[PDB]
Every structure is written in structure tokens, then in C-alpha cells.
file run.pdb (PDB, C-alpha atoms and all ligand atoms)
ATOM      1  CA  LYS A 323      51.728-110.291  11.657
ATOM      2  CA  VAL A 324      53.105-111.386   8.282
ATOM      3  CA  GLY A 325      51.459-110.774   4.944
ATOM      4  CA  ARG A 326      50.217-107.219   5.506
ATOM      5  CA  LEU A 327      50.348-104.528   2.830
ATOM      6  CA  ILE A 328      49.995-100.752   2.814
ATOM      7  CA  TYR A 329      46.988 -99.930   0.638
ATOM      8  CA  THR A 330      46.573 -96.519  -0.997
ATOM      9  CA  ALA A 331      43.143 -95.656  -2.411
ATOM     10  CA  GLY A 332      42.140 -92.746  -4.595
ATOM     11  CA  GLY A 333      43.920 -89.433  -4.639
ATOM     12  CA  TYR A 334      44.425 -86.454  -6.902
ATOM     13  CA  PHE A 335      46.667 -85.539  -9.812
ATOM     14  CA  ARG A 336      44.927 -83.168 -12.263
ATOM     15  CA  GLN A 337      41.657 -84.927 -11.344
ATOM     16  CA  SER A 338      40.487 -87.344  -8.670
ATOM     17  CA  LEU A 339      41.756 -90.884  -9.080
ATOM     18  CA  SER A 340      40.295 -94.365  -8.753
ATOM     19  CA  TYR A 341      43.561 -96.223  -8.107
ATOM     20  CA  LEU A 342      43.868 -98.904  -5.464
ATOM     21  CA  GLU A 343      47.497 -99.979  -5.091
ATOM     22  CA  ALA A 344      49.217-101.967  -2.359
ATOM     23  CA  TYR A 345      52.840-101.806  -1.230
ATOM     24  CA  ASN A 346      54.627-104.733   0.420
ATOM     25  CA  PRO A 347      57.348-103.426   2.778
ATOM     26  CA  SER A 348      58.889-106.912   2.966
ATOM     27  CA  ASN A 349      59.886-106.991  -0.731
ATOM     28  CA  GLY A 350      59.366-103.469  -2.136
ATOM     29  CA  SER A 351      56.673-104.541  -4.595
ATOM     30  CA  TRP A 352      53.540-102.668  -5.632
ATOM     31  CA  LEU A 353      50.351-104.268  -6.897
ATOM     32  CA  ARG A 354      47.573-102.535  -8.816
ATOM     33  CA  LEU A 355      44.216-103.807  -7.550
ATOM     34  CA  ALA A 356      40.562-103.182  -8.366
ATOM     35  CA  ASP A 357      39.760 -99.545  -9.080
ATOM     36  CA  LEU A 358      37.340 -97.676  -6.859
ATOM     37  CA  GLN A 359      33.869 -97.538  -8.383
ATOM     38  CA  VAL A 360      33.986 -93.715  -8.246
ATOM     39  CA  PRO A 361      37.219 -91.662  -8.360
ATOM     40  CA  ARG A 362      37.811 -89.711  -5.192
ATOM     41  CA  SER A 363      40.398 -87.507  -3.522
ATOM     42  CA  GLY A 364      40.275 -86.185   0.019
ATOM     43  CA  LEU A 365      38.951 -89.513   1.305
ATOM     44  CA  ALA A 366      40.164 -91.608   4.213
ATOM     45  CA  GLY A 367      40.876 -95.293   4.477
ATOM     46  CA  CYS A 368      40.591 -97.666   7.404
ATOM     47  CA  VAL A 369      40.316-101.387   8.078
ATOM     48  CA  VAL A 370      37.864-103.335  10.228
ATOM     49  CA  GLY A 371      37.744-107.115  10.284
ATOM     50  CA  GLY A 372      40.238-107.404   7.449
ATOM     51  CA  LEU A 373      38.079-105.326   5.102
ATOM     52  CA  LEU A 374      39.343-102.036   3.689
ATOM     53  CA  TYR A 375      36.944 -99.090   3.766
ATOM     54  CA  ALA A 376      37.070 -95.940   1.624
ATOM     55  CA  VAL A 377      35.186 -93.085   3.279
ATOM     56  CA  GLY A 378      34.056 -89.756   1.857
ATOM     57  CA  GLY A 379      36.112 -87.520  -0.398
ATOM     58  CA  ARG A 380      35.237 -85.706  -3.597
ATOM     59  CA  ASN A 381      35.246 -86.587  -7.270
ATOM     60  CA  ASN A 382      37.006 -83.720  -9.032
ATOM     61  CA  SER A 383      36.634 -84.354 -12.747
ATOM     62  CA  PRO A 384      36.502 -82.241 -15.921
ATOM     63  CA  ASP A 385      32.685 -82.478 -15.753
ATOM     64  CA  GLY A 386      32.237 -81.386 -12.140
ATOM     65  CA  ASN A 387      33.016 -81.702  -8.442
ATOM     66  CA  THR A 388      30.872 -84.056  -6.369
ATOM     67  CA  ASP A 389      31.463 -84.385  -2.623
ATOM     68  CA  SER A 390      31.061 -87.963  -1.460
ATOM     69  CA  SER A 391      28.929 -89.424   1.317
ATOM     70  CA  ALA A 392      30.050 -92.889   0.228
ATOM     71  CA  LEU A 393      31.363 -95.767   2.283
ATOM     72  CA  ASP A 394      32.758 -98.544   0.092
ATOM     73  CA  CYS A 395      34.251-101.820   1.234
ATOM     74  CA  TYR A 396      37.085-103.710  -0.450
ATOM     75  CA  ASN A 397      37.597-107.398   0.305
ATOM     76  CA  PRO A 398      41.195-108.509  -0.391
ATOM     77  CA  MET A 399      39.959-112.112  -0.643
ATOM     78  CA  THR A 400      37.907-111.294  -3.764
ATOM     79  CA  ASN A 401      39.611-108.137  -5.091
ATOM     80  CA  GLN A 402      36.175-106.525  -5.249
ATOM     81  CA  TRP A 403      34.608-103.323  -3.973
ATOM     82  CA  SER A 404      31.057-103.337  -2.595
ATOM     83  CA  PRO A 405      28.955-100.321  -1.570
ATOM     84  CA  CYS A 406      28.092 -99.991   2.111
ATOM     85  CA  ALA A 407      25.603 -97.647   3.733
ATOM     86  CA  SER A 408      26.239 -93.992   2.952
ATOM     87  CA  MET A 409      26.904 -91.332   5.569
ATOM     88  CA  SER A 410      24.355 -88.689   6.521
ATOM     89  CA  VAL A 411      26.219 -86.006   4.559
ATOM     90  CA  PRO A 412      29.007 -85.615   1.974
ATOM     91  CA  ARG A 413      32.431 -85.190   3.582
ATOM     92  CA  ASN A 414      35.426 -84.118   1.482
ATOM     93  CA  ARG A 415      38.783 -83.759   3.260
ATOM     94  CA  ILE A 416      37.456 -86.088   5.959
ATOM     95  CA  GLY A 417      39.209 -87.739   8.860
ATOM     96  CA  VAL A 418      38.427 -91.257  10.063
ATOM     97  CA  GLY A 419      39.262 -93.370  13.101
ATOM     98  CA  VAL A 420      38.251 -96.821  14.305
ATOM     99  CA  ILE A 421      37.247 -97.612  17.895
ATOM    100  CA  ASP A 422      36.268-101.165  18.846
ATOM    101  CA  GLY A 423      35.217-102.141  15.342
ATOM    102  CA  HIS A 424      33.283 -98.943  14.603
ATOM    103  CA  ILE A 425      34.260 -96.302  12.043
ATOM    104  CA  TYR A 426      34.037 -92.646  13.041
ATOM    105  CA  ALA A 427      33.739 -90.125  10.204
ATOM    106  CA  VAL A 428      34.813 -86.663  11.321
ATOM    107  CA  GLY A 429      34.332 -83.247   9.808
ATOM    108  CA  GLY A 430      35.048 -82.506   6.171
ATOM    109  CA  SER A 431      33.411 -80.190   3.682
ATOM    110  CA  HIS A 432      30.317 -80.149   1.501
ATOM    111  CA  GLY A 433      30.565 -77.225  -0.893
ATOM    112  CA  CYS A 434      31.210 -74.177   1.272
ATOM    113  CA  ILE A 435      29.942 -75.972   4.413
ATOM    114  CA  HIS A 436      32.661 -76.926   6.924
ATOM    115  CA  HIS A 437      31.332 -79.669   9.177
ATOM    116  CA  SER A 438      31.690 -80.065  12.897
ATOM    117  CA  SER A 439      29.428 -83.133  12.693
ATOM    118  CA  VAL A 440      30.651 -86.651  13.418
ATOM    119  CA  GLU A 441      29.010 -90.012  12.725
ATOM    120  CA  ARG A 442      29.717 -93.630  13.607
ATOM    121  CA  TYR A 443      29.359 -96.733  11.434
ATOM    122  CA  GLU A 444      28.442-100.186  12.723
ATOM    123  CA  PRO A 445      29.661-102.835  10.247
ATOM    124  CA  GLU A 446      27.523-105.609  11.734
ATOM    125  CA  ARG A 447      24.354-103.588  11.115
ATOM    126  CA  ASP A 448      25.580-101.613   8.058
ATOM    127  CA  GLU A 449      24.270 -98.435   9.679
ATOM    128  CA  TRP A 450      25.583 -94.953  10.420
ATOM    129  CA  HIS A 451      24.388 -92.781  13.287
ATOM    130  CA  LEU A 452      25.403 -89.258  14.222
ATOM    131  CA  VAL A 453      27.202 -88.695  17.515
ATOM    132  CA  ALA A 454      28.171 -85.474  19.279
ATOM    133  CA  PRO A 455      29.712 -82.859  16.953
ATOM    134  CA  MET A 456      33.178 -81.452  17.483
ATOM    135  CA  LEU A 457      33.644 -78.143  19.262
ATOM    136  CA  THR A 458      35.177 -76.748  16.035
ATOM    137  CA  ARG A 459      34.283 -77.070  12.367
ATOM    138  CA  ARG A 460      37.207 -78.837  10.691
ATOM    139  CA  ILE A 461      38.013 -79.853   7.122
ATOM    140  CA  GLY A 462      41.389 -81.257   6.184
ATOM    141  CA  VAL A 463      41.330 -82.672   9.702
ATOM    142  CA  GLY A 464      43.714 -85.390  10.879
ATOM    143  CA  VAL A 465      42.151 -88.132  12.982
ATOM    144  CA  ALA A 466      43.613 -90.954  15.000
ATOM    145  CA  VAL A 467      42.661 -93.257  17.851
ATOM    146  CA  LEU A 468      44.750 -94.087  20.907
ATOM    147  CA  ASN A 469      43.523 -96.001  23.954
ATOM    148  CA  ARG A 470      39.925 -95.959  22.637
ATOM    149  CA  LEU A 471      39.857 -92.151  22.486
ATOM    150  CA  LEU A 472      39.381 -90.318  19.166
ATOM    151  CA  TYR A 473      41.481 -87.267  18.330
ATOM    152  CA  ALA A 474      40.724 -84.571  15.740
ATOM    153  CA  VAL A 475      43.774 -82.476  14.911
ATOM    154  CA  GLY A 476      44.121 -79.243  12.976
ATOM    155  CA  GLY A 477      42.252 -78.520   9.778
ATOM    156  CA  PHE A 478      40.444 -75.475   8.402
ATOM    157  CA  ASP A 479      37.222 -74.086   9.903
ATOM    158  CA  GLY A 480      36.103 -71.991   6.923
ATOM    159  CA  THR A 481      38.092 -68.920   7.956
ATOM    160  CA  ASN A 482      41.309 -70.031   9.671
ATOM    161  CA  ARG A 483      43.703 -72.935   9.482
ATOM    162  CA  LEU A 484      43.985 -74.478  12.901
ATOM    163  CA  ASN A 485      46.596 -75.529  15.415
ATOM    164  CA  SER A 486      43.827 -76.646  17.789
ATOM    165  CA  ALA A 487      42.934 -80.250  18.547
ATOM    166  CA  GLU A 488      40.242 -82.062  20.491
ATOM    167  CA  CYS A 489      39.430 -85.489  21.869
ATOM    168  CA  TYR A 490      36.208 -87.502  21.871
ATOM    169  CA  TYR A 491      35.366 -89.611  24.920
ATOM    170  CA  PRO A 492      32.880 -92.213  23.635
ATOM    171  CA  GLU A 493      31.332 -93.238  26.951
ATOM    172  CA  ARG A 494      30.382 -89.595  27.567
ATOM    173  CA  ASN A 495      29.616 -88.770  23.913
ATOM    174  CA  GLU A 496      31.605 -85.590  24.502
ATOM    175  CA  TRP A 497      34.448 -83.641  22.903
ATOM    176  CA  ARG A 498      37.048 -81.656  24.860
ATOM    177  CA  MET A 499      39.873 -79.465  23.637
ATOM    178  CA  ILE A 500      43.422 -80.734  24.126
ATOM    179  CA  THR A 501      46.669 -78.748  24.078
ATOM    180  CA  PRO A 502      47.026 -77.097  20.651
ATOM    181  CA  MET A 503      49.853 -78.064  18.341
ATOM    182  CA  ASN A 504      52.838 -75.793  18.001
ATOM    183  CA  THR A 505      52.113 -75.384  14.277
ATOM    184  CA  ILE A 506      48.943 -74.561  12.346
ATOM    185  CA  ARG A 507      48.246 -77.516  10.056
ATOM    186  CA  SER A 508      45.507 -78.274   7.575
ATOM    187  CA  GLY A 509      45.850 -81.468   5.559
ATOM    188  CA  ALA A 510      48.441 -83.010   7.858
ATOM    189  CA  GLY A 511      48.927 -86.745   8.178
ATOM    190  CA  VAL A 512      47.816 -87.839  11.652
ATOM    191  CA  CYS A 513      48.422 -91.264  13.147
ATOM    192  CA  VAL A 514      49.228 -93.010  16.408
ATOM    193  CA  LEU A 515      52.499 -94.641  17.365
ATOM    194  CA  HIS A 516      53.170 -95.924  20.878
ATOM    195  CA  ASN A 517      51.670 -93.383  23.325
ATOM    196  CA  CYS A 518      51.607 -90.391  20.983
ATOM    197  CA  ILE A 519      49.493 -88.799  18.291
ATOM    198  CA  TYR A 520      51.737 -87.651  15.425
ATOM    199  CA  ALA A 521      50.935 -84.766  13.079
ATOM    200  CA  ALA A 522      53.198 -84.746  10.025
ATOM    201  CA  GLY A 523      53.272 -82.099   7.334
ATOM    202  CA  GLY A 524      50.254 -80.162   6.199
ATOM    203  CA  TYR A 525      49.839 -76.508   5.255
ATOM    204  CA  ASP A 526      50.143 -73.631   7.718
ATOM    205  CA  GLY A 527      48.462 -71.002   5.527
ATOM    206  CA  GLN A 528      51.764 -69.991   3.899
ATOM    207  CA  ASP A 529      53.817 -73.105   3.122
ATOM    208  CA  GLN A 530      53.629 -76.866   2.917
ATOM    209  CA  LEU A 531      55.374 -78.301   5.974
ATOM    210  CA  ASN A 532      58.054 -80.906   6.559
ATOM    211  CA  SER A 533      57.844 -80.593  10.331
ATOM    212  CA  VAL A 534      56.372 -83.360  12.473
ATOM    213  CA  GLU A 535      55.166 -83.094  16.065
ATOM    214  CA  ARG A 536      53.716 -85.600  18.488
ATOM    215  CA  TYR A 537      51.251 -85.292  21.363
ATOM    216  CA  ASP A 538      51.967 -87.424  24.411
ATOM    217  CA  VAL A 539      48.505 -88.281  25.729
ATOM    218  CA  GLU A 540      49.814 -88.554  29.316
ATOM    219  CA  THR A 541      51.852 -85.337  29.549
ATOM    220  CA  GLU A 542      49.608 -83.315  27.203
ATOM    221  CA  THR A 543      52.588 -81.790  25.382
ATOM    222  CA  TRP A 544      53.415 -81.517  21.684
ATOM    223  CA  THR A 545      57.071 -82.130  20.803
ATOM    224  CA  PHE A 546      58.733 -81.835  17.414
ATOM    225  CA  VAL A 547      60.556 -84.908  16.087
ATOM    226  CA  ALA A 548      62.846 -85.126  13.056
ATOM    227  CA  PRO A 549      61.285 -83.410  10.017
ATOM    228  CA  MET A 550      60.443 -85.316   6.873
ATOM    229  CA  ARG A 551      62.789 -85.056   3.910
ATOM    230  CA  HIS A 552      59.972 -83.497   1.874
ATOM    231  CA  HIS A 553      57.501 -80.778   2.650
ATOM    232  CA  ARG A 554      54.065 -82.194   2.005
ATOM    233  CA  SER A 555      50.424 -81.335   2.397
ATOM    234  CA  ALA A 556      47.510 -83.685   1.735
ATOM    235  CA  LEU A 557      49.764 -86.672   2.424
ATOM    236  CA  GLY A 558      48.603 -90.168   3.213
ATOM    237  CA  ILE A 559      49.834 -91.776   6.421
ATOM    238  CA  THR A 560      49.725 -95.068   8.260
ATOM    239  CA  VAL A 561      51.673 -97.098  10.784
ATOM    240  CA  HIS A 562      53.075-100.546  10.146
ATOM    241  CA  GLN A 563      55.407-102.605  12.350
ATOM    242  CA  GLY A 564      56.272 -99.724  14.613
ATOM    243  CA  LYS A 565      57.105 -97.171  11.914
ATOM    244  CA  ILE A 566      55.194 -94.326  10.273
ATOM    245  CA  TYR A 567      54.814 -94.302   6.502
ATOM    246  CA  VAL A 568      53.910 -91.082   4.661
ATOM    247  CA  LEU A 569      52.749 -91.313   1.042
ATOM    248  CA  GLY A 570      52.638 -88.612  -1.587
ATOM    249  CA  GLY A 571      51.195 -85.176  -1.069
ATOM    250  CA  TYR A 572      52.002 -81.822  -2.586
ATOM    251  CA  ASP A 573      55.218 -79.905  -1.874
ATOM    252  CA  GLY A 574      54.223 -76.610  -3.492
ATOM    253  CA  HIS A 575      55.715 -77.645  -6.849
ATOM    254  CA  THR A 576      55.119 -81.351  -7.472
ATOM    255  CA  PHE A 577      52.570 -84.001  -6.571
ATOM    256  CA  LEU A 578      55.008 -86.323  -4.845
ATOM    257  CA  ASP A 579      55.492 -90.018  -5.497
ATOM    258  CA  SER A 580      57.878 -90.443  -2.564
ATOM    259  CA  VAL A 581      57.084 -92.615   0.449
ATOM    260  CA  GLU A 582      59.092 -91.904   3.606
ATOM    261  CA  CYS A 583      59.328 -94.055   6.735
ATOM    262  CA  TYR A 584      59.902 -92.803  10.281
ATOM    263  CA  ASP A 585      61.820 -94.917  12.785
ATOM    264  CA  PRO A 586      61.027 -93.663  16.314
ATOM    265  CA  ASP A 587      64.020 -95.435  17.871
ATOM    266  CA  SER A 588      66.550 -93.479  15.813
ATOM    267  CA  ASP A 589      64.288 -90.432  15.226
ATOM    268  CA  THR A 590      65.049 -90.555  11.510
ATOM    269  CA  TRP A 591      63.125 -90.606   8.255
ATOM    270  CA  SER A 592      64.231 -92.524   5.178
ATOM    271  CA  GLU A 593      62.812 -92.794   1.674
ATOM    272  CA  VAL A 594      61.649 -96.378   1.206
ATOM    273  CA  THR A 595      59.777 -96.537  -2.111
ATOM    274  CA  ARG A 596      57.966 -94.454  -4.668
ATOM    275  CA  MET A 597      54.348 -94.776  -5.632
ATOM    276  CA  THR A 598      53.696 -95.573  -9.267
ATOM    277  CA  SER A 599      52.730 -91.929  -9.858
ATOM    278  CA  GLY A 600      52.684 -88.756  -7.802
ATOM    279  CA  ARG A 601      49.415 -87.863  -6.119
ATOM    280  CA  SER A 602      47.900 -86.181  -3.075
ATOM    281  CA  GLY A 603      44.739 -86.673  -1.038
ATOM    282  CA  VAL A 604      44.884 -90.480  -0.798
ATOM    283  CA  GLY A 605      43.325 -92.767   1.773
ATOM    284  CA  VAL A 606      45.683 -95.298   3.369
ATOM    285  CA  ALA A 607      45.318 -98.379   5.549
ATOM    286  CA  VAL A 608      46.937-101.738   6.255
ATOM    287  CA  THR A 609      45.457-105.200   5.832
ATOM    288  CA  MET A 610      46.284-108.631   4.483
ATOM    289  CA  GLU A 611      47.524-109.118   0.940
ATOM    290  CA  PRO A 612      44.810-109.890  -1.621
ATOM    291  CA  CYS A 613      43.668-113.084  -3.323
TER     292      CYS A 613
HETATM  293  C1  LIG A 701      47.274 -77.400  -5.353
HETATM  294  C2  LIG A 701      46.467 -78.585  -4.912
HETATM  295  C3  LIG A 701      46.963 -79.434  -3.904
HETATM  296  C4  LIG A 701      46.201 -80.507  -3.516
HETATM  297  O1  LIG A 701      46.643 -81.360  -2.562
HETATM  298  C5  LIG A 701      44.943 -80.746  -4.129
HETATM  299  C6  LIG A 701      44.104 -81.832  -3.792
HETATM  300  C7  LIG A 701      42.921 -81.972  -4.436
HETATM  301  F1  LIG A 701      42.111 -83.019  -4.121
HETATM  302  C8  LIG A 701      42.493 -81.102  -5.425
HETATM  303  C9  LIG A 701      43.279 -80.040  -5.763
HETATM  304  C10 LIG A 701      44.522 -79.839  -5.128
HETATM  305  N1  LIG A 701      45.295 -78.768  -5.499
END

call {"tool": "encode", "arguments": {"input": "run.pdb", "output": "C-alpha cells"}}
result
Amino acid sequence: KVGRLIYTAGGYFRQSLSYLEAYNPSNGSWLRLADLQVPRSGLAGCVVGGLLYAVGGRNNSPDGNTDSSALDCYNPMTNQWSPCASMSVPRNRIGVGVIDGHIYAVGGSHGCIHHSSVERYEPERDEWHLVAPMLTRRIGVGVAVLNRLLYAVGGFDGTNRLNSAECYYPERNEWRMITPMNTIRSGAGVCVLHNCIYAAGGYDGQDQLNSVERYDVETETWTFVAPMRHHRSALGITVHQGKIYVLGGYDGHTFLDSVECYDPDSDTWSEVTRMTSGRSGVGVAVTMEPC
């Protein structure tokens, strides 16, 4: 269990960013690692087999906006990025989850197109294949996996921001609606901790949110927990050693550098570190320290 870092890839502040930086909760340190080959915001990160993957996003730059179909793999042992097979379609403001060593890419946008499509990556074969689409088009969608079921939470369908959520049952290749959240949220941070899917922050169509609610997959209810100290949309999120970490985002005024940590035992959030610069739209995952 020792030696794991929280990696943050990409993001946005004025333009899309190429940063890869890793935070060590055991000593408070940050390391700057190899830049992404292409700057991107609105991407997702995940880890399979100790490799970090950056999935989708968009390169917002002075000279244009390019939605990304890219899958890139970072090996901490070499501090190098390598291209992997690209997805079927560009997906900005994507959500990603891992089931049994396979990466699911969910939703996202391509220009004015809001995807319901979903595809699955097989690392051993370096291949993507489309699976059943969601019941709803969703960009800015939060995704997490619990008990080998994939959840897609909130987002924006092209007309409305969503409180709805749905679950993918892989053995049936089928999506079904679940209980909707109490709050409309696009660009929330979504993760799994114990037996619940958490949705933290986001944007409800009027304000960036500090509220946090969790879906108990047994009782099918959403319950609010303690709110974050900061309102934030387009935050990064991950779980590490039984606690939720939220990174950056936008509070309606500032691109935040603050990282908060949720302790479920005490139902409290505390500020644990700051990123080296404020940013939103990062991808986040946990794996072993590099080199
Ligand atoms: C106001 C605002 C907030 C974001 O979180 C953004 C993220 C992006 F990737 C690009 C633009 C953005 N603008």
C-alpha cells in the first residue's frame, strides 16, 4: 500500500495545460513529471496495471480548440508518455471508469455533439470497442465503478444540466436509470468510497456547488454529507487510503489551487495541500511513485 501518489494530469487555466504533477500525502511533497504530449483539459485519468492513462479532453489554445480522441499511457518507471490506441470519437468533458482491467470511456462532447456513446479499452490488445450507449447524452459526466458496475452521474445533455444518473451492467451490456441525485450537477467530481458513489461539487446551472451527496448502491438513496470548504466545478477527484481528495476547479471567481480531503468517519473536510497553480478540468488517479 505504501509509495502511492496522487497524479494530476492536464487541466485549464487560460488555456489547456500539459502538466503532470504528483502529490505524496505521506510527506506533502509535489513532483513535476513529464508533460503530456498534447495539452488537454476536460480529460479523465485512470490506472490499470500500474500505468496511468490520460483519456480524451480538449486542447484549448490561442490557435484553436481540438477535442481529443486520445488515449496516452504514462509509465512511472520510465517517466515517459506513450500513445495508445485512440477512441472511436473525440470526447471532451469525458468520464472514465475501470472494470476488471478495462477502461470505459463515457459520454463527452465533440463540438456541439453531446455523446451518449460508450466504449471499452482492452490494454492487452490495445483496442477499443463500442458498447451499449447510455440512455442519456451526457457531457461533464461523473463516472465511477463499484462492485463491477459502472455509474454515469449528472452532466449536460445539450439542453439541460442533469440530476439523473444511470448504471451499466456489463454482463447484460445494458444501462438502467438509478435514483436521481438531489442536486443538478454538471462537472461534479464522482468517485467511490466504501459502498457509495459520491458526487461532489459541480454546477447546477446557476452556481458552482460545495455540496456533496452519496448514493448507497443497496438502499438506492442519495444523502448529503458535509459540504466542501470551497464551491467548485470541474474539479478533479480520487480516493486514497479511505479518504476522498478533491483538486482544483473553478469557484465562480478563481481557478482554485486548493486540495481538500474528506474523512468519512468524522464527516469532515480539511484542506491538505495546494497544487502548484490553480486549474480546473484535470484528470486524476493514483499509482506508484515514479523512477
Ligand atoms: C469559466 C470556465 C470554467 C472552467 O472550468 C473551464 C474549463 C475549461 F476547460 C475551459 C474553460 C473554462 N471556463

call {"tool": "residues_around", "arguments": {"input": "run.pdb", "residues": "residue 601 in chain A", "least_positions_apart": "5", "cutoff": "7 Å", "atoms": "all atoms listed in the file", "output": "ChimeraX atom specification"}}
result
/A:333-335,570-571,577-579

call {"tool": "residues_near_ligand", "arguments": {"input": "run.pdb", "ligand": "ligand LIG 701 (chain A)", "cutoff": "6 Å", "atoms": "all atoms listed in the file", "output": "list in words"}}
result
residues 334, 363, 364, 556, 572, 602 and 603 of chain A

call {"tool": "axis_aligned_box", "arguments": {"input": "run.pdb", "around": "range 595-598 of chain A", "padding_each_side": "8 Å", "output": "lines of an AutoDock Vina configuration file"}}
result
center_x = 56.7
center_y = -95.5
center_z = -5.7
size_x = 22.1
size_y = 18.1
size_z = 23.2

call {"tool": "resolve_selection", "arguments": {"input": "run.pdb", "expression": "the PyMOL selection byres (((chain A and resi 352) around 10) and not hetatm)", "output": "JSON, numbers by chain"}}
result
{"A": [327, 328, 329, 343, 344, 345, 346, 347, 349, 350, 351, 353, 354, 355, 595, 596, 597, 598]}

call {"tool": "resolve_selection", "arguments": {"input": "run.pdb", "expression": "the PyMOL selection byres (((chain A and resi 370) around 12) and not hetatm)", "output": "list in words"}}
result
residues 367, 368, 369, 371, 372, 373, 374, 375, 376, 395, 396, 397, 419, 420, 421, 422, 423, 424, 425, 426, 443, 444, 445, 446, 607, 608, 609 and 610 of chain A

call {"tool": "atom_distance", "arguments": {"input": "run.pdb", "atom1": "CA of residue 478 in chain A", "atom2": "CA of residue 431 in chain A"}}
result
9.7 Å

call {"tool": "residues_around", "arguments": {"input": "run.pdb", "residues": "residue 432 in chain A", "least_positions_apart": "4", "cutoff": "7 Å", "atoms": "all atoms listed in the file", "output": "MDAnalysis selection string"}}
result
chainID A and resid 389 412:414 436

call {"tool": "closest_atom_pairs", "arguments": {"input": "run.pdb", "of": "range 520-564 of chain A", "to": "range 464-475 of chain A", "cutoff": "9 Å", "atoms": "all atoms listed in the file", "output": "JSON lines"}}
result
{"residue": "A:520", "atom": "CA", "partner": "A:466", "partner_atom": "CA", "distance": 8.8}
{"residue": "A:521", "atom": "CA", "partner": "A:464", "partner_atom": "CA", "distance": 7.6}
{"residue": "A:539", "atom": "CA", "partner": "A:468", "partner_atom": "CA", "distance": 8.4}

call {"tool": "residues_around", "arguments": {"input": "run.pdb", "residues": "residue 534 in chain A", "least_positions_apart": "5", "cutoff": "7 Å", "atoms": "all atoms listed in the file", "output": "PyMOL selection string"}}
result
chain A and resi 520-523+546-549

call {"tool": "write_last_selection", "arguments": {"input": "run.pdb", "atoms": "C-alpha atoms", "output": "PDB file, in the coordinates of the input"}}
result
ATOM      1  CA  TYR A 520      51.737 -87.651  15.425  1.00  0.00           C
ATOM      2  CA  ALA A 521      50.935 -84.766  13.079  1.00  0.00           C
ATOM      3  CA  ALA A 522      53.198 -84.746  10.025  1.00  0.00           C
ATOM      4  CA  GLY A 523      53.272 -82.099   7.334  1.00  0.00           C
ATOM      5  CA  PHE A 546      58.733 -81.835  17.414  1.00  0.00           C
ATOM      6  CA  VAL A 547      60.556 -84.908  16.087  1.00  0.00           C
ATOM      7  CA  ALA A 548      62.846 -85.126  13.056  1.00  0.00           C
ATOM      8  CA  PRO A 549      61.285 -83.410  10.017  1.00  0.00           C
TER       9      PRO A 549
END

call {"tool": "resolve_selection", "arguments": {"input": "run.pdb", "expression": "the PyMOL selection byres (((chain A and resi 508) around 12) and not hetatm)", "output": "count of residues only"}}
result
47

call {"tool": "residues_around", "arguments": {"input": "run.pdb", "residues": "residue 340 in chain A", "least_positions_apart": "4", "cutoff": "10 Å", "atoms": "all atoms listed in the file", "output": "number ranges by chain"}}
result
A: 331-334, 356-363, 381, 604

call {"tool": "closest_residue", "arguments": {"input": "run.pdb", "among": "A:435, A:392, A:500, A:409", "to": "residue 449 in chain A", "atoms": "all atoms listed in the file"}}
result
A:409

call {"tool": "atom_distance", "arguments": {"input": "run.pdb", "atom1": "CA of residue 491 in chain A", "atom2": "CA of residue 453 in chain A"}}
result
11.1 Å

call {"tool": "residues_around", "arguments": {"input": "run.pdb", "residues": "residue 518 in chain A", "least_positions_apart": "5", "cutoff": "9 Å", "atoms": "all atoms listed in the file", "output": "PyMOL selection string"}}
result
chain A and resi 468+513+536-540

call {"tool": "closest_residue", "arguments": {"input": "run.pdb", "among": "A:383, A:590, A:458, A:391", "to": "residue 339 in chain A", "atoms": "all atoms listed in the file"}}
result
A:383

call {"tool": "atom_distance", "arguments": {"input": "run.pdb", "atom1": "CA of residue 382 in chain A", "atom2": "CA of residue 439 in chain A"}}
result
23.0 Å

call {"tool": "closest_residue", "arguments": {"input": "run.pdb", "among": "A:492, A:384, A:398, A:378", "to": "residue 410 in chain A", "atoms": "only C-alpha atoms"}}
result
A:378

call {"tool": "decode", "arguments": {"input": "run.pdb", "residues": "range 402-412 of chain A", "atoms": "N, CA, C and O atoms", "output": "tab-separated table (two decimals), in the first residue's frame"}}
result
chain	number	residue	atom	x	y	z
A	402	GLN	N	7.85	8.43	-18.83
A	402	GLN	CA	7.57	8.68	-20.23
A	402	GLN	C	6.12	8.38	-20.58
A	402	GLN	O	5.54	7.40	-20.10
A	403	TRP	N	5.56	9.23	-21.43
A	403	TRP	CA	4.27	9.01	-22.06
A	403	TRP	C	4.43	8.30	-23.39
A	403	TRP	O	5.36	8.58	-24.15
A	404	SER	N	3.50	7.39	-23.69
A	404	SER	CA	3.43	6.68	-24.95
A	404	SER	C	2.00	6.72	-25.47
A	404	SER	O	1.06	6.53	-24.70
A	405	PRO	N	1.79	6.96	-26.76
A	405	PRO	CA	0.43	6.88	-27.30
A	405	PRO	C	-0.08	5.45	-27.29
A	405	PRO	O	0.66	4.50	-27.54
A	406	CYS	N	-1.36	5.31	-26.96
A	406	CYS	CA	-2.11	4.07	-27.11
A	406	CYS	C	-3.16	4.27	-28.19
A	406	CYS	O	-3.30	5.34	-28.76
A	407	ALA	N	-3.92	3.22	-28.47
A	407	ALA	CA	-4.95	3.31	-29.49
A	407	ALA	C	-5.95	4.42	-29.14
A	407	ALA	O	-6.37	4.56	-28.00
A	408	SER	N	-6.36	5.17	-30.15
A	408	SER	CA	-7.33	6.22	-29.98
A	408	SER	C	-8.75	5.68	-29.95
A	408	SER	O	-9.05	4.63	-30.52
A	409	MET	N	-9.63	6.41	-29.28
A	409	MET	CA	-11.04	6.10	-29.22
A	409	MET	C	-11.71	6.32	-30.57
A	409	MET	O	-11.14	6.92	-31.48
A	410	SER	N	-12.94	5.84	-30.69
A	410	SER	CA	-13.70	5.98	-31.92
A	410	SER	C	-14.04	7.43	-32.24
A	410	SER	O	-14.32	7.73	-33.39
A	411	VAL	N	-14.04	8.30	-31.24
A	411	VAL	CA	-14.59	9.65	-31.38
A	411	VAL	C	-13.91	10.57	-30.38
A	411	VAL	O	-13.48	10.10	-29.31
A	412	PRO	N	-13.78	11.86	-30.67
A	412	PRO	CA	-13.30	12.79	-29.64
A	412	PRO	C	-14.31	12.91	-28.51
A	412	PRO	O	-15.53	12.91	-28.75
